[PDB]
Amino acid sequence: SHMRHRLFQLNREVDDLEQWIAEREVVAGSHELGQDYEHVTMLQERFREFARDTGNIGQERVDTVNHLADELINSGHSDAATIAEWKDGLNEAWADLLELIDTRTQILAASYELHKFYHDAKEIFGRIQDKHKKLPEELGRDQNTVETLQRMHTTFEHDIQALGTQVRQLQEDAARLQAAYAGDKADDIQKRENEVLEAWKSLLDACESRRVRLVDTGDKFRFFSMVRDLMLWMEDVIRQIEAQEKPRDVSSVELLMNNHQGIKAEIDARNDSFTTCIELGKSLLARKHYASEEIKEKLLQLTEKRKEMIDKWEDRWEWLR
């Protein structure tokens, strides 16, 4: 009759607990669809709290009821068959709930991952386009400004590799998600990934086209500066020659021939500078440079000035003979 009370008490506890499990099953059984990334995020985080609260509270109560029932069954209570029936029904209900919590937790993780893909694709896409937009058209005005622009571009191309990394990550996510799904869905992931890859492709193509144009414009201004330096120098040598005073005695002839021969040494020492300059110019022509017409003009001006200079040197020498 103590065993009578113990039995009546256990019945109460089992009924209380199964009622509590049924309450939790309503929540765990929710089929609520996430409307967008923000909402699925909320859903997942709420249910993670719920799963943990449910497990914490329920496991202890289930263990207590199981203990009470096992004590009565093990002691050979005359209602052992009924008591075992109670215990089985409870353990089944609890196992079913935990299974359902598992299934919903999975479904919400899958959904989260899928919404996150579309989210990251929107964000990478926007970052790509925003970067594409900050990309100068101009090549620049002289040697000094072109080399600054070249260095800025080198930094820009540096400063997009981080987006590249994010693009490759998106590609891996798309791959993982496409294995999960099929039909309409795996298709839409492919399209979305493609939109981002094409935007990326276009940014790189534009960075490469700009790198190349800056090299071309740089080479142009390099060539022009080589020509200018030679032209200025040649005019100096010509003026040097023009400044020479006709000798009035043998010691003056000797001095002037020595000085003039010094000038030939100056001239000859520039041979490699002419070669470097002319080779570059001829290179640019071979590659159909946009400034080919200027470049021929400058090559012709250089060779006409060089002839002026050599003619003037030879005329002076041969009259000093």
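Residue numbers run from 1 along the displayed sequence.
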On average, are the C-alpha B-factors higher in 5-13 or in 309-317? 5-13
Looking only at CA atoms, which has the higher mean B factor in the entry: 76-84 or 106-114? 106-114
Per the entry, which of 237, 98, 160, 90 tops the list for Cα B factor? 160
By its CA B factor, does residue 286 count among the lowest, middle or highest third of the modelled residues in the chain? highest
Where the record places residue 222 (Cα B-factor, split into thirds across the chain): middle
Lowest, middle or highest third - CA B-factor, residue 155: highest
Determine, from the deposited record, the chain-internal third of the Cα B-factor for residue 176: lowest, middle or highest. middle
Chain-relative C-alpha B factor for residue 143 (record values, thirds): the highest
